[PDB]
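Comments concern the structure below.
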Amino acid sequence: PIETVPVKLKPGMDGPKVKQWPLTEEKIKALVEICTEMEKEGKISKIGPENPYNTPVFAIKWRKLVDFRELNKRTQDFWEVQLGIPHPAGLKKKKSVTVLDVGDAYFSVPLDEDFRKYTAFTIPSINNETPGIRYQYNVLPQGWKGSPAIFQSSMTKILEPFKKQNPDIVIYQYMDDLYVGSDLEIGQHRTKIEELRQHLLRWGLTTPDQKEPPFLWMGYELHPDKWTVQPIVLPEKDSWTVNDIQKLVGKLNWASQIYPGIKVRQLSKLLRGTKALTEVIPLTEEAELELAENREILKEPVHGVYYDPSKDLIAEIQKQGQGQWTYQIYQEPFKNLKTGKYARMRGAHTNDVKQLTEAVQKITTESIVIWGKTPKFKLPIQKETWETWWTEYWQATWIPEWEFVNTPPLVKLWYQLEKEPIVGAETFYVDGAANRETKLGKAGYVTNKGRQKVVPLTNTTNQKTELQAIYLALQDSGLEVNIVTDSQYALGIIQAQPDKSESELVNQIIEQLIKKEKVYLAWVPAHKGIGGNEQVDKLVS
Amino acid sequence: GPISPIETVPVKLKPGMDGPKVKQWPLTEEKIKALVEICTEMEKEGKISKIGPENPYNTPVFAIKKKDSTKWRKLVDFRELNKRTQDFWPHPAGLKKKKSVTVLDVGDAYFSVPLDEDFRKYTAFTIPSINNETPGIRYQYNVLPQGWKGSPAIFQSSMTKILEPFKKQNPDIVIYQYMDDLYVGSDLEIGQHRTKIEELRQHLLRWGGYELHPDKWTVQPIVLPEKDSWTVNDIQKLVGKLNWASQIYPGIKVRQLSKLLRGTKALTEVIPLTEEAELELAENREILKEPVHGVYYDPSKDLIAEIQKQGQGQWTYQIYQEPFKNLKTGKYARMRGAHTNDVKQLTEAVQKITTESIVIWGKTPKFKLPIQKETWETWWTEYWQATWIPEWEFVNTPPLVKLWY
Ligand SMILES: [Mg+2]
């Protein structure tokens, strides 16, 4: 009775035509059972040989399983309306809660009549000479490209008149589960529940007989004053088929929105094949470690409490070991709504202040996702340290209103280049050069006091000879030094003001900059008339 | 809603281009509530209609508040759609010289002219929900949407018939239409200005501001710090700066100034200028006053505006079409959020540069912003107060030399 959603194949592409595997006797027998039972329900209709399309069907346990990968490859794209999945920390405390599951979710939302031609499939012919039956779907099939989005849209357009007619209750629908929250007395709440089930039943949507405190909703337990994610169990199997691997990457990419540090990359790499939905697959050792360590991170119990809109959101950040940060979002002290780890250290040069800013912006974004507001921050950095940083940084940067919290290790600025040249300080005109052919080079400096130095270097590049020249200038100078270079590369690296790097030359330059008192770095154009630069250049030439 | 009575124009996208498929970014609870209230009433009035997931296109949507405004206004990020929409078929050069120019929001007028049926699917947008409680509410426009570049082009004739009795009675006033904004400029006194723009406002309401003064817009030229006593560092900074300026003016020379730096001297050592060095410095001083060769406004090419943070709340900017041929240079100071917010000052700088570029050339530039992508994308919507949105790029390379002080 639900109005259908128009569906069209991709432009210039007909329906699928995949040859059906003949199976054994038992599988066929069970398939005829389940398929006839599904033909008693209006889900599928028998078609004559006029239809030239076919979709492979198997039988695992029984359980029917259809391979719609080709049909999905030819079905139009559908816009994913959701920005993610609901987080239980975004739930407001309700006096009455009920979680309903939709029975036969897909199989109760009608499919576009013009599209059913492409849903054709064959039950394999078991033999002396007995026929294979030809069905087409009259409803959304499981595993089809458009079934989730169309089912969600139909569910929304079904629930809207009921949600308007019942403003005292709130309904959050996602996949199998409907969350019905209310502050009404439990009686009126139950009556509204039954009204919702009758409303869904009028449209052909059944919901078989959660009333108990452990409300399982989207893999969560919604206890009265807290919530806990259900531990996700991954299969330990000697041999993996391809359906179980795709199902597993489904539940893993699902579990990505609740757990940090869960990757599906190398497992998803094994989904590029022409093989059918039942063949054995060899498992790469990259996917072995990928499933192992992820199966270990899912052992971490995650818990939290509910959101009170009458209070403000507080987000506290702490520094860890190697580019790692921890954060807690809470409204009352130590009663965290959501905790998490942020893992990013730039593959190029970076500093702790940048990482802290990126953490603030990310937890701000997800905080707007879950609660629609930006939390007040508590960061392990002083006010004057931040003020100096953002006021002196060449790029526009800013973080929202925050307060300093003295939680070691504190975020500090390890060095600060000066704005003006230093009077009385030694001036080092540095330069370096190398030849690609012999992989040999020179790095050196000349000094107004006559000091000079040239070092020959193996395993160095030109842009590495420049940094080596700056490094030699820092080593052989006092605590206050002015350095003049012609390399926009080296000076461009130093101007980013990093405190750690993958290149150990850059890191030793950083330590030399920390141990100094005053460092003024100037730039001059190369191969122009210029005092010391042409001297040190002629040396390194 | 009902089929609009006005006959519809057949619009189409650029050849080979498909519709926009941009994801919706998270919105605050305040803006989501505002967009729900707005879009429900707009759905009741037949301006928008709910759609399903079979529409593969989407366009970001959010809400803004103008300067000194308490009412939320819906702003759809039609940038990609405008980039994919077919160009249609003038900018008054007299507008830049008027003493007072008022900007009025006439986007609501567009809500009276229907949008092409076969084109409506490209105007799809999705209002998100907090914590994804309910799936987002999707709409498509049945009417000319605000922020779409086709709306003023299609509504131009109707606007002309609306403004003719005001345009012939007052032929001195200059009227230019850009997107949802109408710019009315004149050399009149401010008191008469308010009255005449009120006259045109009632004239718009019979069928049913933001004030600027462009003749006071200042440029920021290339100035050389010309002191009396010169240290080595000052002269090498000058030699680098003029060696950079030699790409704009090939007549710049730095020989006699570089000869002063001969030998390896300390950066703070005072250097006396020679005779030909002072002569060459003065010559290079006047060559910077000569106009740049080959510079002119080409409407067929995009405008590019680069912004540089100068500290202490002042920001420099350059508007050009190809490197070193600046149509306008300038600097801003004492903007909103000065000395406490760089993102707000940069946003206001983008808005001011954009308004000026619309007044001068009739088109918005493409911006090179001195900010990380993540920070700007994190906070820029919190301070946007304009009905248009320009495209922008992100610069992550630190400038060796500031060059505009
Ligand atoms: Mg060199």
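Chain identifiers are assigned as A, B, and so on, following the order in which chains appear in the structure tokens; residues are numbered from 1 within each chain, and ligands are numbered from 1 in order of appearance.
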
Set the cut-off to 7 Å, count only C-alpha atoms and all ligand atoms, and list whatever residues fall near ligand 1 as an NGL selection string.
:A and (431-433 or 486 or 526 or 533 or 537)

Selection near range 170-181 of chain B, 9 Å with only C-alpha atoms, sequence-local residues under 6 positions removed, as a PyMOL selection string
chain B and resi 90-92+94-95+98+101+103-110+146-153+156+187-188+358-359+362-363+387-388

Atoms to include: N, CA, C and O atoms. Write the selected residues as a compact mmCIF listing (two decimals), in the first residue's frame.
```
# COMPACT_ATOMS: atom_id res chain seq x y z
N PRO B 90 24.77 43.65 -18.54
CA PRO B 90 26.08 44.31 -18.51
C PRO B 90 26.39 44.93 -17.16
O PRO B 90 25.48 45.24 -16.39
N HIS B 91 27.68 45.11 -16.87
CA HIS B 91 28.10 45.73 -15.62
C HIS B 91 28.29 47.22 -15.84
O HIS B 91 29.10 47.61 -16.70
N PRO B 92 27.60 48.09 -15.10
CA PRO B 92 27.75 49.54 -15.30
C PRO B 92 29.08 50.03 -14.74
O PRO B 92 29.33 49.94 -13.54
N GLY B 94 29.77 53.00 -14.40
CA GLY B 94 29.47 54.19 -13.64
C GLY B 94 29.16 53.97 -12.18
O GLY B 94 29.05 54.94 -11.43
N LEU B 95 29.01 52.71 -11.75
CA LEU B 95 28.63 52.44 -10.37
C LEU B 95 29.79 52.69 -9.41
O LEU B 95 29.56 53.12 -8.27
N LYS B 98 30.12 56.44 -7.87
CA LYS B 98 29.06 57.08 -7.12
C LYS B 98 29.46 57.18 -5.65
O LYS B 98 30.21 56.36 -5.13
N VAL B 101 26.24 53.91 -2.32
CA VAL B 101 25.63 52.75 -2.97
C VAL B 101 25.00 51.87 -1.91
O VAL B 101 25.67 51.45 -0.96
N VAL B 103 22.87 48.38 -0.92
CA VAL B 103 22.61 47.00 -1.32
C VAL B 103 21.31 46.56 -0.67
O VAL B 103 21.14 46.70 0.55
N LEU B 104 20.40 46.03 -1.48
CA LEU B 104 19.12 45.52 -1.02
C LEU B 104 19.01 44.05 -1.39
O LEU B 104 19.50 43.62 -2.44
N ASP B 105 18.36 43.28 -0.53
CA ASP B 105 18.16 41.86 -0.76
C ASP B 105 16.85 41.67 -1.52
O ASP B 105 15.77 41.80 -0.94
N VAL B 106 16.95 41.37 -2.81
CA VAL B 106 15.78 41.16 -3.65
C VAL B 106 15.66 39.70 -4.08
O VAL B 106 15.01 39.40 -5.07
N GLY B 107 16.29 38.79 -3.33
CA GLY B 107 16.19 37.38 -3.65
C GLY B 107 14.78 36.84 -3.48
O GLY B 107 14.36 35.95 -4.23
N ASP B 108 14.05 37.35 -2.48
CA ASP B 108 12.68 36.90 -2.24
C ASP B 108 11.81 37.06 -3.49
O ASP B 108 10.91 36.25 -3.72
N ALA B 109 12.08 38.10 -4.29
CA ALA B 109 11.33 38.30 -5.52
C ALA B 109 11.40 37.07 -6.41
O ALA B 109 10.40 36.69 -7.03
N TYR B 110 12.57 36.43 -6.47
CA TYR B 110 12.75 35.25 -7.31
C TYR B 110 11.74 34.16 -6.97
O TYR B 110 11.45 33.31 -7.82
N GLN B 146 17.29 31.20 -4.33
CA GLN B 146 18.27 32.22 -3.97
C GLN B 146 19.67 31.62 -3.96
O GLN B 146 19.89 30.50 -3.50
N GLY B 147 20.63 32.37 -4.49
CA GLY B 147 22.00 31.91 -4.59
C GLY B 147 22.34 31.20 -5.88
O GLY B 147 23.53 30.92 -6.11
N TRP B 148 21.36 30.88 -6.71
CA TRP B 148 21.61 30.29 -8.01
C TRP B 148 21.83 31.39 -9.04
O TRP B 148 21.09 32.38 -9.08
N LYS B 149 22.85 31.20 -9.89
CA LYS B 149 23.20 32.23 -10.86
C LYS B 149 22.15 32.40 -11.95
O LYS B 149 22.12 33.45 -12.60
N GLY B 150 21.30 31.40 -12.17
CA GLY B 150 20.26 31.52 -13.17
C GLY B 150 19.07 32.35 -12.75
O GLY B 150 18.35 32.86 -13.61
N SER B 151 18.85 32.51 -11.44
CA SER B 151 17.69 33.26 -10.96
C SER B 151 17.71 34.72 -11.40
O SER B 151 16.69 35.19 -11.93
N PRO B 152 18.79 35.49 -11.21
CA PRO B 152 18.76 36.88 -11.69
C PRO B 152 18.71 36.99 -13.20
O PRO B 152 18.07 37.91 -13.73
N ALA B 153 19.36 36.07 -13.92
CA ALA B 153 19.33 36.11 -15.38
C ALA B 153 17.92 35.88 -15.91
O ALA B 153 17.49 36.52 -16.87
N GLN B 156 15.59 38.89 -14.91
CA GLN B 156 16.08 40.20 -15.33
C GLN B 156 14.99 41.01 -16.03
O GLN B 156 14.82 42.21 -15.76
N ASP B 187 25.52 59.92 -6.64
CA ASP B 187 26.34 60.97 -6.07
C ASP B 187 25.54 61.90 -5.17
O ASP B 187 26.03 62.98 -4.81
N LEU B 188 24.33 61.50 -4.79
CA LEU B 188 23.42 62.35 -4.04
C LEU B 188 23.83 62.45 -2.57
O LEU B 188 24.68 61.71 -2.08
N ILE B 358 32.54 43.08 -6.81
CA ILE B 358 31.24 43.15 -7.48
C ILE B 358 30.93 44.58 -7.89
O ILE B 358 30.37 44.82 -8.96
N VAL B 359 31.30 45.55 -7.06
CA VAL B 359 31.04 46.95 -7.39
C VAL B 359 31.91 47.39 -8.57
O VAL B 359 31.45 48.13 -9.45
N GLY B 362 31.82 43.57 -11.28
CA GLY B 362 30.60 42.81 -11.44
C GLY B 362 30.77 41.32 -11.32
O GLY B 362 29.94 40.57 -11.85
N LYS B 363 31.82 40.85 -10.65
CA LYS B 363 32.04 39.43 -10.46
C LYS B 363 32.94 39.22 -9.25
O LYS B 363 33.77 40.07 -8.93
N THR B 387 24.93 36.92 1.16
CA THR B 387 24.03 36.01 0.46
C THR B 387 24.72 35.23 -0.66
O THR B 387 24.14 34.27 -1.17
N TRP B 388 25.92 35.64 -1.05
CA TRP B 388 26.73 34.92 -2.03
C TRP B 388 27.90 34.24 -1.33
O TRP B 388 28.27 34.58 -0.20
```

Just need the residues of chain A within 6 Å of chain B, counting only C-alpha atoms, so spit them out as a count of residues only.
24

Can you pull out every residue from range 170-407 of chain A that DSSP, working from the backbone, puts in strand (DSSP E), and format the result as a VMD selection string?
chain A and resid 170 to 174 177 to 182 216 to 217 220 to 222 227 to 229 303 to 304 314 to 319 324 to 332 335 to 343 376 to 379 402 to 404

Distance query range 224-230 of chain B at most 10 Å, only C-alpha atoms, self and fewer than 5 positions along chain excluded, as a PyMOL selection string:
chain B and resi 235+238+241-242+268-273+281-282+284-285+288+403-405

Pull N, CA, C and O atoms from the residues just selected and write them as an mmCIF file, in the first residue's frame.
```cif
data_model
loop_
_atom_site.group_PDB
_atom_site.id
_atom_site.type_symbol
_atom_site.label_atom_id
_atom_site.label_comp_id
_atom_site.auth_asym_id
_atom_site.auth_seq_id
_atom_site.Cartn_x
_atom_site.Cartn_y
_atom_site.Cartn_z
ATOM 1 N N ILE B 235 69.375 46.537 3.508
ATOM 2 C CA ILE B 235 69.694 46.624 2.089
ATOM 3 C C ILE B 235 69.496 45.283 1.395
ATOM 4 O O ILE B 235 69.085 45.244 0.231
ATOM 5 N N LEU B 238 65.841 44.914 0.912
ATOM 6 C CA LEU B 238 65.442 45.765 -0.204
ATOM 7 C C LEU B 238 65.828 45.142 -1.540
ATOM 8 O O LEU B 238 65.074 45.236 -2.515
ATOM 9 N N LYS B 241 63.416 42.423 -2.262
ATOM 10 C CA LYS B 241 62.089 42.951 -2.563
ATOM 11 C C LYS B 241 62.035 43.559 -3.959
ATOM 12 O O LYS B 241 61.047 43.379 -4.682
ATOM 13 N N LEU B 242 63.087 44.277 -4.362
ATOM 14 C CA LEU B 242 63.130 44.839 -5.707
ATOM 15 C C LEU B 242 63.417 43.776 -6.755
ATOM 16 O O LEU B 242 62.949 43.896 -7.891
ATOM 17 N N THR B 268 73.758 43.788 11.053
ATOM 18 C CA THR B 268 73.441 45.055 11.695
ATOM 19 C C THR B 268 74.480 46.137 11.425
ATOM 20 O O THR B 268 74.366 47.237 11.976
ATOM 21 N N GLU B 269 75.483 45.856 10.597
ATOM 22 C CA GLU B 269 76.481 46.863 10.261
ATOM 23 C C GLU B 269 75.865 47.948 9.388
ATOM 24 O O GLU B 269 75.163 47.653 8.414
ATOM 25 N N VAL B 270 76.129 49.203 9.734
ATOM 26 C CA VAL B 270 75.603 50.331 8.974
ATOM 27 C C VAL B 270 76.422 50.498 7.701
ATOM 28 O O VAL B 270 77.657 50.415 7.718
ATOM 29 N N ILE B 271 75.736 50.724 6.585
ATOM 30 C CA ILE B 271 76.359 50.841 5.274
ATOM 31 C C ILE B 271 76.008 52.207 4.702
ATOM 32 O O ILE B 271 74.830 52.567 4.672
ATOM 33 N N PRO B 272 76.984 52.993 4.243
ATOM 34 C CA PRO B 272 76.663 54.268 3.587
ATOM 35 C C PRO B 272 76.358 54.060 2.110
ATOM 36 O O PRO B 272 77.076 53.343 1.409
ATOM 37 N N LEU B 273 75.286 54.692 1.640
ATOM 38 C CA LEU B 273 74.906 54.584 0.238
ATOM 39 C C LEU B 273 75.871 55.385 -0.628
ATOM 40 O O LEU B 273 76.305 56.477 -0.253
ATOM 41 N N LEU B 281 68.347 53.810 -6.495
ATOM 42 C CA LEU B 281 67.232 53.597 -5.577
ATOM 43 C C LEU B 281 66.088 54.559 -5.876
ATOM 44 O O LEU B 281 64.914 54.180 -5.788
ATOM 45 N N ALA B 282 66.408 55.808 -6.227
ATOM 46 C CA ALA B 282 65.364 56.753 -6.616
ATOM 47 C C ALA B 282 64.719 56.356 -7.941
ATOM 48 O O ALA B 282 63.490 56.423 -8.087
ATOM 49 N N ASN B 284 64.448 53.313 -9.197
ATOM 50 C CA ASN B 284 63.561 52.195 -8.892
ATOM 51 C C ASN B 284 62.350 52.654 -8.093
ATOM 52 O O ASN B 284 61.286 52.028 -8.163
ATOM 53 N N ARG B 285 62.492 53.740 -7.329
ATOM 54 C CA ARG B 285 61.353 54.292 -6.606
ATOM 55 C C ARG B 285 60.307 54.843 -7.566
ATOM 56 O O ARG B 285 59.101 54.686 -7.333
ATOM 57 N N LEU B 288 58.310 52.178 -9.879
ATOM 58 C CA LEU B 288 57.164 51.580 -9.204
ATOM 59 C C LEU B 288 55.907 52.428 -9.342
ATOM 60 O O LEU B 288 54.806 51.929 -9.084
ATOM 61 N N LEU B 403 56.086 42.048 1.432
ATOM 62 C CA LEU B 403 56.072 42.713 0.126
ATOM 63 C C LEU B 403 54.980 43.762 -0.058
ATOM 64 O O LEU B 403 54.959 44.402 -1.115
ATOM 65 N N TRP B 404 54.079 43.968 0.902
ATOM 66 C CA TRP B 404 53.037 44.973 0.732
ATOM 67 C C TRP B 404 53.058 46.029 1.831
ATOM 68 O O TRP B 404 52.145 46.859 1.901
ATOM 69 N N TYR B 405 54.077 46.016 2.687
ATOM 70 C CA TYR B 405 54.272 47.045 3.702
ATOM 71 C C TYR B 405 55.278 48.070 3.186
ATOM 72 O O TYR B 405 56.427 48.098 3.629
#
```

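The space separating CA of residue 93 in chain B from CA of residue 361 in chain B comes to 7.8 Å.
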
For residue 386 in chain A, find every residue with an atom within 12 Å (counting only C-alpha atoms), except residues of its own chain fewer than 4 positions away, and show them as a list in words.
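The filter keeps residues 352, 353, 354, 356, 357, 379, 380, 381, 382, 390, 391, 392, 393, 397, 398, 399, 400, 402, 403, 404, 410, 411, 412 and 413 of chain A; 340 of chain B.
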
Just the selected residues (N, CA and C atoms), exported as a PDB file, in the first residue's frame, please.
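Result went into again_32.pdb, see below:
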```
ATOM      1  N   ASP A 352      53.383  20.588  18.221  1.00  0.00           N
ATOM      2  CA  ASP A 352      52.300  20.178  19.109  1.00  0.00           C
ATOM      3  C   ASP A 352      51.120  21.142  19.055  1.00  0.00           C
ATOM      4  N   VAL A 353      51.378  22.428  18.808  1.00  0.00           N
ATOM      5  CA  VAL A 353      50.297  23.408  18.788  1.00  0.00           C
ATOM      6  C   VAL A 353      49.365  23.149  17.611  1.00  0.00           C
ATOM      7  N   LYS A 354      49.932  22.852  16.438  1.00  0.00           N
ATOM      8  CA  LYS A 354      49.110  22.514  15.281  1.00  0.00           C
ATOM      9  C   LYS A 354      48.249  21.290  15.562  1.00  0.00           C
ATOM     10  N   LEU A 356      47.235  20.181  18.429  1.00  0.00           N
ATOM     11  CA  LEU A 356      46.192  20.552  19.381  1.00  0.00           C
ATOM     12  C   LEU A 356      45.057  21.297  18.689  1.00  0.00           C
ATOM     13  N   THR A 357      45.396  22.196  17.762  1.00  0.00           N
ATOM     14  CA  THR A 357      44.369  22.919  17.018  1.00  0.00           C
ATOM     15  C   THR A 357      43.520  21.960  16.189  1.00  0.00           C
ATOM     16  N   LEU A 379      42.548  22.811  27.686  1.00  0.00           N
ATOM     17  CA  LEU A 379      43.707  22.403  26.910  1.00  0.00           C
ATOM     18  C   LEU A 379      44.973  22.557  27.737  1.00  0.00           C
ATOM     19  N   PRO A 380      45.950  21.669  27.549  1.00  0.00           N
ATOM     20  CA  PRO A 380      47.213  21.761  28.301  1.00  0.00           C
ATOM     21  C   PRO A 380      48.199  22.736  27.663  1.00  0.00           C
ATOM     22  N   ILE A 381      47.782  23.996  27.553  1.00  0.00           N
ATOM     23  CA  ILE A 381      48.616  25.046  26.975  1.00  0.00           C
ATOM     24  C   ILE A 381      48.293  26.354  27.686  1.00  0.00           C
ATOM     25  N   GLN A 382      49.322  27.162  27.923  1.00  0.00           N
ATOM     26  CA  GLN A 382      49.137  28.426  28.619  1.00  0.00           C
ATOM     27  C   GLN A 382      48.477  29.452  27.700  1.00  0.00           C
ATOM     28  N   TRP A 390      49.498  32.176  17.901  1.00  0.00           N
ATOM     29  CA  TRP A 390      48.584  32.633  16.860  1.00  0.00           C
ATOM     30  C   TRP A 390      48.864  34.072  16.444  1.00  0.00           C
ATOM     31  N   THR A 391      49.349  34.911  17.363  1.00  0.00           N
ATOM     32  CA  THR A 391      49.698  36.273  16.975  1.00  0.00           C
ATOM     33  C   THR A 391      50.933  36.309  16.084  1.00  0.00           C
ATOM     34  N   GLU A 392      51.863  35.372  16.271  1.00  0.00           N
ATOM     35  CA  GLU A 392      53.096  35.350  15.495  1.00  0.00           C
ATOM     36  C   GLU A 392      53.040  34.430  14.280  1.00  0.00           C
ATOM     37  N   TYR A 393      52.032  33.568  14.178  1.00  0.00           N
ATOM     38  CA  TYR A 393      51.946  32.633  13.063  1.00  0.00           C
ATOM     39  C   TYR A 393      51.520  33.363  11.793  1.00  0.00           C
ATOM     40  N   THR A 397      44.796  31.522  12.268  1.00  0.00           N
ATOM     41  CA  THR A 397      44.417  30.382  13.089  1.00  0.00           C
ATOM     42  C   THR A 397      43.705  30.883  14.336  1.00  0.00           C
ATOM     43  N   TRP A 398      42.827  30.041  14.873  1.00  0.00           N
ATOM     44  CA  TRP A 398      41.993  30.424  16.003  1.00  0.00           C
ATOM     45  C   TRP A 398      41.350  29.174  16.582  1.00  0.00           C
ATOM     46  N   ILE A 399      41.121  29.196  17.891  1.00  0.00           N
ATOM     47  CA  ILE A 399      40.399  28.126  18.576  1.00  0.00           C
ATOM     48  C   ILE A 399      39.329  28.775  19.446  1.00  0.00           C
ATOM     49  N   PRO A 400      38.194  28.110  19.684  1.00  0.00           N
ATOM     50  CA  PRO A 400      37.114  28.741  20.458  1.00  0.00           C
ATOM     51  C   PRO A 400      37.487  29.017  21.906  1.00  0.00           C
ATOM     52  N   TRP A 402      38.331  28.917  25.589  1.00  0.00           N
ATOM     53  CA  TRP A 402      38.873  27.817  26.375  1.00  0.00           C
ATOM     54  C   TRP A 402      39.501  28.371  27.646  1.00  0.00           C
ATOM     55  N   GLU A 403      39.869  27.457  28.542  1.00  0.00           N
ATOM     56  CA  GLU A 403      40.567  27.785  29.776  1.00  0.00           C
ATOM     57  C   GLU A 403      41.756  26.849  29.943  1.00  0.00           C
ATOM     58  N   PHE A 404      42.842  27.372  30.505  1.00  0.00           N
ATOM     59  CA  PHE A 404      44.041  26.568  30.698  1.00  0.00           C
ATOM     60  C   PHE A 404      43.855  25.570  31.835  1.00  0.00           C
ATOM     61  N   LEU A 410      52.740  19.725  29.291  1.00  0.00           N
ATOM     62  CA  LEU A 410      52.171  20.943  28.734  1.00  0.00           C
ATOM     63  C   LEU A 410      52.632  21.153  27.297  1.00  0.00           C
ATOM     64  N   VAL A 411      51.804  21.853  26.528  1.00  0.00           N
ATOM     65  CA  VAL A 411      52.142  22.234  25.161  1.00  0.00           C
ATOM     66  C   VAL A 411      52.919  23.543  25.212  1.00  0.00           C
ATOM     67  N   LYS A 412      54.140  23.528  24.682  1.00  0.00           N
ATOM     68  CA  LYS A 412      55.027  24.679  24.739  1.00  0.00           C
ATOM     69  C   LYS A 412      55.536  25.022  23.346  1.00  0.00           C
ATOM     70  N   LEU A 413      55.998  26.261  23.204  1.00  0.00           N
ATOM     71  CA  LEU A 413      56.749  26.689  22.029  1.00  0.00           C
ATOM     72  C   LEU A 413      58.230  26.509  22.338  1.00  0.00           C
TER      73      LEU A 413
ATOM     74  N   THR B 340      41.881  39.101  18.322  1.00  0.00           N
ATOM     75  CA  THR B 340      41.368  37.978  19.097  1.00  0.00           C
ATOM     76  C   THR B 340      40.796  36.873  18.218  1.00  0.00           C
TER      77      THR B 340
END
```

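CA of residue 366 in chain B is found 9.2 Å from CA of residue 354 in chain B.
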
With a distance cut-off of 8 Å and only C-alpha atoms, select the neighbouring residues of residue 200 in chain A, excluding the residue or stretch itself and same-chain residues fewer than 5 positions from it, and output the selection as a list in words.
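My list of contacting residues is residues 158, 159, 205 and 206 of chain A.
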
Report as number ranges by chain all protein, DNA and RNA residues lying within 8 Å of residue 485 in chain A, evaluated on only C-alpha atoms, omitting residues in the same chain fewer than 5 positions from it.
A: 429-431, 466, 470, 491, 521-524, 533

Could you write out that same residue set with N, CA, C and O atoms as a PDB file, in the first residue's frame?
```
ATOM      1  N   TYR A 429      76.635  33.448   6.675  1.00  0.00           N
ATOM      2  CA  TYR A 429      76.111  33.270   5.325  1.00  0.00           C
ATOM      3  C   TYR A 429      76.332  31.814   4.937  1.00  0.00           C
ATOM      4  O   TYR A 429      77.474  31.382   4.749  1.00  0.00           O
ATOM      5  N   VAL A 430      75.245  31.055   4.830  1.00  0.00           N
ATOM      6  CA  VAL A 430      75.323  29.617   4.616  1.00  0.00           C
ATOM      7  C   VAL A 430      74.938  29.294   3.182  1.00  0.00           C
ATOM      8  O   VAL A 430      74.189  30.034   2.531  1.00  0.00           O
ATOM      9  N   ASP A 431      75.466  28.176   2.687  1.00  0.00           N
ATOM     10  CA  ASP A 431      75.056  27.657   1.391  1.00  0.00           C
ATOM     11  C   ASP A 431      75.523  26.215   1.270  1.00  0.00           C
ATOM     12  O   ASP A 431      76.465  25.786   1.943  1.00  0.00           O
ATOM     13  N   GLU A 466      71.623  22.480   1.742  1.00  0.00           N
ATOM     14  CA  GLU A 466      71.208  23.749   2.335  1.00  0.00           C
ATOM     15  C   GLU A 466      70.915  23.583   3.824  1.00  0.00           C
ATOM     16  O   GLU A 466      71.456  24.314   4.668  1.00  0.00           O
ATOM     17  N   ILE A 470      72.778  25.222   7.178  1.00  0.00           N
ATOM     18  CA  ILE A 470      72.141  25.859   8.328  1.00  0.00           C
ATOM     19  C   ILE A 470      72.511  25.128   9.614  1.00  0.00           C
ATOM     20  O   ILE A 470      72.792  25.752  10.646  1.00  0.00           O
ATOM     21  N   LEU A 491      64.510  27.517   4.528  1.00  0.00           N
ATOM     22  CA  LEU A 491      63.839  28.582   5.265  1.00  0.00           C
ATOM     23  C   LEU A 491      62.336  28.349   5.323  1.00  0.00           C
ATOM     24  O   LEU A 491      61.691  28.702   6.316  1.00  0.00           O
ATOM     25  N   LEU A 521      66.734  34.395  11.136  1.00  0.00           N
ATOM     26  CA  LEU A 521      66.936  33.740   9.850  1.00  0.00           C
ATOM     27  C   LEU A 521      66.438  34.660   8.743  1.00  0.00           C
ATOM     28  O   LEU A 521      65.254  35.010   8.708  1.00  0.00           O
ATOM     29  N   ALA A 522      67.339  35.050   7.847  1.00  0.00           N
ATOM     30  CA  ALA A 522      67.015  35.930   6.737  1.00  0.00           C
ATOM     31  C   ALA A 522      67.218  35.200   5.415  1.00  0.00           C
ATOM     32  O   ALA A 522      67.955  34.214   5.331  1.00  0.00           O
ATOM     33  N   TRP A 523      66.550  35.700   4.379  1.00  0.00           N
ATOM     34  CA  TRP A 523      66.616  35.123   3.044  1.00  0.00           C
ATOM     35  C   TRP A 523      67.073  36.176   2.044  1.00  0.00           C
ATOM     36  O   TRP A 523      66.656  37.337   2.113  1.00  0.00           O
ATOM     37  N   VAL A 524      67.928  35.761   1.114  1.00  0.00           N
ATOM     38  CA  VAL A 524      68.399  36.626   0.035  1.00  0.00           C
ATOM     39  C   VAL A 524      68.283  35.857  -1.278  1.00  0.00           C
ATOM     40  O   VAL A 524      68.391  34.622  -1.281  1.00  0.00           O
ATOM     41  N   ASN A 533      76.785  35.488   0.603  1.00  0.00           N
ATOM     42  CA  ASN A 533      76.154  34.366  -0.083  1.00  0.00           C
ATOM     43  C   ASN A 533      76.948  33.944  -1.313  1.00  0.00           C
ATOM     44  O   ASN A 533      77.076  32.748  -1.595  1.00  0.00           O
TER      45      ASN A 533
END
```

At a cut-off of 10 Å, using only C-alpha atoms, what residues contact residue 203 in chain A? Leave out same-chain residues fewer than 5 positions from it and give the result as a ChimeraX atom specification.
/A:1-2,108-109,155,158,198

Could you tell me how far CA of residue 49 in chain B lies from CA of residue 140 in chain B, in Å and to one decimal?
5.5 Å
